[PDB]
């Protein structure tokens, strides 16, 4: 069903829809009970409702992603891909700064956050995402400006 080539392109399609900014087109890639961990280590996010509330503040920050070449593997359900992200410091930045993940900038209205992350995406035979794990921490976060 979802072979090596299709699994790789579906990973890049996800990052493409993130850049497009249309929430409904993003949620359409997820199964109704899909689990998101962003980042791994914090409580997971389950369901389309919760996925919408997770992405809305990021889209409002004009999140843009530069995807690397994905890895498909032999398993017929997974795809791994490295993502380099940039977004407005507001509105999520203060949440990160209050956790100690970055230092607050002198001009939050104009500052920007860069991030590098590793995605582990598990899809079903239909191609919908059932589980997405994003790995990143303090050392992968940088405040610009």
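Residue numbers count along the first chain shown, from 1.
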Ranking every modelled residue in this chain by its Cα temperature factor as given in the entry, which third contains residue 134?
lowest
Lowest, middle or highest third: where is residue 111 by Cα B-factor in its chain?
highest
Relative to the other modelled residues of the same chain, rank the CA B-factor of residue 38 and answer lowest, middle or highest third.
lowest
Sorting the chain's modelled residues by C-alpha B-factor and splitting them into thirds places residue 70 in the middle
Binned into thirds over the chain's modelled residues, the C-alpha B-factor of residue 77 lands in the highest
